[PDB]
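K.L.:
I have a structure I would like to understand better, so I am pasting it below and will then ask my questions one at a time.
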Amino acid sequence: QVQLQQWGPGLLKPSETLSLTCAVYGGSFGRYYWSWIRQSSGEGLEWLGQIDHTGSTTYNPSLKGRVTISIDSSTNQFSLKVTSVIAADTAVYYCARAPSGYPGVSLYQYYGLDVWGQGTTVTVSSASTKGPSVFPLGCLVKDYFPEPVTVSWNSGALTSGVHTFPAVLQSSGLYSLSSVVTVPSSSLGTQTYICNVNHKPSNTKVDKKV
Amino acid sequence: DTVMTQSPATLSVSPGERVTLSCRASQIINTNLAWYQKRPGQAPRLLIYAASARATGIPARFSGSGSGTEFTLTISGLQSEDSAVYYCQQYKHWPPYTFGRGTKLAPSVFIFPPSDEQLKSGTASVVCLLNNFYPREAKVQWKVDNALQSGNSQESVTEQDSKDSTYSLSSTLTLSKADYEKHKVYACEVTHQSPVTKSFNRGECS
Amino acid sequence: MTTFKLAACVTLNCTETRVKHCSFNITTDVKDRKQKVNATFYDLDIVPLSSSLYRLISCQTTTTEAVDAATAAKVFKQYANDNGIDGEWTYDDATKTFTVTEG
Ligand SMILES: *[C@@H]1O[C@H](CO)[C@@H](O)[C@H](O)[C@H]1NC(C)=O
Ligand SMILES: *[C@@H]1O[C@H](CO)[C@@H](O)[C@H](O)[C@H]1NC(C)=O
Ligand SMILES: *[C@@H]1O[C@H](CO)[C@@H](O)[C@H](O)[C@H]1NC(C)=O
């Protein structure tokens, strides 16, 4: 019943301030740890902090004072705010829920992170943003920054059997990757097949017909 | 600050089998240990909490035991979807709840030279596609006219599909149109498993 | 070689704030009318059973150090006869743990 949905920047520059916002659908704040966890691109999970409906917070010291969370009673959302951003902060960021027991009644004071938001990729660098170029085959999106890029087919309908690959960093300082599909034999006409490609960081959505 | 230490790192071990994943708290953490599973295009989902209790939802084929300092998630009756990463989190000592660094759980060749548009812009890259490995360990070398390309080929690697088996590879050779307009044979040499290595030349037909 | 646990588990009859109201049979005196009684629980603290019935996450446990799971079976079943423990005998090959559900 609980939906977690986050959103925010995804690219920003050293010294600045990251800001992310999780909104909770189907339930409320009631004595849960509303948490923030991140994973550097090929790294370990790192616990950032958490807040409960009070305003009570607990941040990870090993981040000095940089991290700060807040909560917004009205809308059922809460929000991460990292200060003085630097390159290591490039990581996927998740909002998550942890239940905190019940004073007296409960065995423990923490049950898992049971509920996780979809994730927000946040890339810190000086480089500016460039939408990809889309070159049909199959589908090819090339030369974009930063991560990541959206690949859906026929406004979502077409789905099955794909191997949409991981991004490959080029020497040009710009990422690029390759999206395939597997539909053997033919039936070339009758059905028309389009790749939806979206690149939030740079306001680029191409519906390039293949 | 408790430090979590999983041990096997990787296990690409065969289905149906019994597997024992370890986790080791550097300190005594009673039974405050949870286990997370991480799928591909997915966030972590909660498997076992309280060192031993299955999270509401996750099937009984998962077994988390342990207490004090050495812990274990354990799976046996594997479904296909079970390839993923498996992380453990301690929650006795905090600030820093701390996680462990995890445990990680013949091909088919194709080839693809550029379209009209990729050329008309400036440079052109030729990519090949290794649909479905078993296993992923391989070397794929681009060559043009009894040569070998070094430094101008990039590599892409997928992680095992859940609703199937397998891996998948994506190499790419990056040069300018002042180099694709020329030259003859363009070979993607996929070694293992004797190799059929598709190609094309100079520009051709529809 | 290996260490075996045995959990002696009070069965719970129960039926969202995470609270569940539940009833179970407690002892003391060592042969009362076996007393049905009502306590409050945290829903995440009870695990289901094949019926709606529940057991707590952790229980009062005894540990043996057997030669084999077979010998440990005896030892526990003997230990249970010795103290007034009768119920469902289930066992896990991954926990190496015998759970008995009383009440
Ligand atoms: C004990 O619990 C049951 C079910 O919760 C209820 O029917 C009964 O009234 C309770 N007894 C008291 C004294 O509250
Ligand atoms: C115990 O649970 C059963 C169902 O399994 C129910 O019929 C019965 O009324 C319950 N008794 C009490 C005292 O709650
Ligand atoms: C134990 O409790 C069950 C239901 O929880 C009940 O059916 C049974 O009568 C109880 N045993 C006693 C009171 O000795």
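Identifiers in this document derive from the order of the structure tokens: chains are assigned A, B, ..., residues are numbered from 1 separately in each chain, and ligands are numbered from 1 in order of occurrence.
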Please provide the set of residues having any atom within 9 Å of residue 90 in chain C, restricted to only C-alpha atoms, with same-chain residues fewer than 6 positions apart removed, written as a list in words.

P.N.:
residues 97, 98, 99, 100 and 101 of chain C

K.L.:
Quick one: write out the picked residues with N, CA, C and O atoms as a compact mmCIF listing (two decimals), in the first residue's frame?

P.N.:
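result-v9.txt, written as the output of this step:
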# COMPACT_ATOMS: atom_id res chain seq x y z
N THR C 97 17.47 -25.96 14.04
CA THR C 97 16.69 -25.52 15.18
C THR C 97 15.33 -26.17 15.25
O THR C 97 14.53 -26.09 14.32
N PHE C 98 15.06 -26.82 16.38
CA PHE C 98 13.78 -27.46 16.64
C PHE C 98 12.83 -26.50 17.34
O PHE C 98 13.12 -25.96 18.40
N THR C 99 11.66 -26.31 16.74
CA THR C 99 10.66 -25.43 17.32
C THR C 99 9.49 -26.27 17.80
O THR C 99 8.97 -27.11 17.07
N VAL C 100 9.11 -26.04 19.05
CA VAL C 100 7.91 -26.63 19.60
C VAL C 100 6.89 -25.54 19.91
O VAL C 100 7.22 -24.51 20.52
N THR C 101 5.67 -25.75 19.46
CA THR C 101 4.59 -24.81 19.72
C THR C 101 3.63 -25.35 20.79
O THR C 101 2.95 -26.35 20.58

K.L.:
At a cut-off of 7 Å and counting only C-alpha atoms and all ligand atoms, what residues surround ligand 1? Please answer as a PDB file with N, CA and C atoms, in the first residue's frame.

P.N.:
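Saved to selection-v6.pdb:
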ATOM      1  N   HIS C  21      -3.955  -7.692  18.991  1.00  0.00           N
ATOM      2  CA  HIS C  21      -4.415  -8.213  20.272  1.00  0.00           C
ATOM      3  C   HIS C  21      -4.480  -9.728  20.193  1.00  0.00           C
ATOM      4  N   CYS C  22      -3.916 -10.401  21.187  1.00  0.00           N
ATOM      5  CA  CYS C  22      -3.740 -11.838  21.080  1.00  0.00           C
ATOM      6  C   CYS C  22      -3.947 -12.560  22.390  1.00  0.00           C
ATOM      7  N   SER C  23      -4.290 -13.835  22.287  1.00  0.00           N
ATOM      8  CA  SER C  23      -4.477 -14.633  23.474  1.00  0.00           C
ATOM      9  C   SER C  23      -3.750 -15.960  23.333  1.00  0.00           C
ATOM     10  N   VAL C  37      -5.294 -16.008  28.257  1.00  0.00           N
ATOM     11  CA  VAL C  37      -4.912 -14.677  28.694  1.00  0.00           C
ATOM     12  C   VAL C  37      -4.695 -13.746  27.487  1.00  0.00           C
ATOM     13  N   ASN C  38      -4.941 -12.446  27.654  1.00  0.00           N
ATOM     14  CA  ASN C  38      -4.869 -11.481  26.537  1.00  0.00           C
ATOM     15  C   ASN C  38      -3.716 -10.499  26.597  1.00  0.00           C
TER      16      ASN C  38
END

K.L.:
CA of residue 141 in chain B and CA of residue 189 in chain B, how far apart in Å?

P.N.:
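Taking CA of residue 189 in chain B and CA of residue 141 in chain B, their separation equals 5.1 Å.
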
K.L.:
Find, counting only C-alpha atoms, the residue in C:20, C:55, C:33, C:74 that gets nearest to chain B.

P.N.:
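Of C:20, C:55, C:33, C:74, the one nearest chain B, counting only C-alpha atoms, is C:55.
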
K.L.:
Write out as a list in words each polymer residue (protein, DNA or RNA) that has an atom no more than 8 Å from ligand 3, with only C-alpha atoms and all ligand atoms counted.

P.N.:
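Within the 8 Å cut-off, the matching residues are residues 11, 12, 13, 23, 24, 25, 33, 34, 35, 36, 53 and 103 of chain C.
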
K.L.:
Could you give me, as a short mmCIF file (atom, residue, chain, number, x, y, z; two decimals) with C-alpha atoms, in the first residue's frame, the residues within 10 Å of residue 70 in chain B, counting only C-alpha atoms and dropping anything in the same chain fewer than 6 positions from it?

P.N.:
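Generated output (selection29.cif):
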data_model
loop_
_atom_site.label_atom_id
_atom_site.label_comp_id
_atom_site.auth_asym_id
_atom_site.auth_seq_id
_atom_site.Cartn_x
_atom_site.Cartn_y
_atom_site.Cartn_z
CA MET B 4 30.06 -5.91 8.15
CA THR B 5 32.08 -8.50 6.26
CA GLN B 6 30.48 -10.89 3.80
CA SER B 22 27.98 -15.59 5.27
CA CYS B 23 28.11 -12.23 7.04
CA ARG B 24 30.36 -11.28 9.92
CA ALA B 25 29.93 -8.44 12.34
CA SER B 26 33.15 -7.04 13.67
CA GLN B 27 31.28 -6.52 16.92
CA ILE B 28 28.52 -8.31 18.82
CA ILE B 29 25.23 -7.20 17.35
#

K.L.:
For residue 96 in chain C, please output as a list in words all residues within 10 Å (counting only C-alpha atoms; exclusion window: fewer than 5 positions along the same chain).

P.N.:
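Contacts, with the query itself left out: residues 65 of chain B; 2, 3, 4, 5, 6, 69, 72 and 91 of chain C.
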
K.L.:
Looking only at strand (DSSP E or B) from DSSP on the backbone, list the matching residues of chain A as a count of residues only.

P.N.:
96

K.L.:
What separation in Å, quoted to one decimal, exists between CA of residue 159 in chain B and CA of residue 210 in chain A?

P.N.:
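Interatomic distance, CA of residue 159 in chain B to CA of residue 210 in chain A: 26.3 Å.
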
K.L.:
Enumerate as a PyMOL selection string the residues belonging to chain B that approach chain C to within 7 Å, with only C-alpha atoms taken into account.

P.N.:
chain B and resi 53+63+65+74
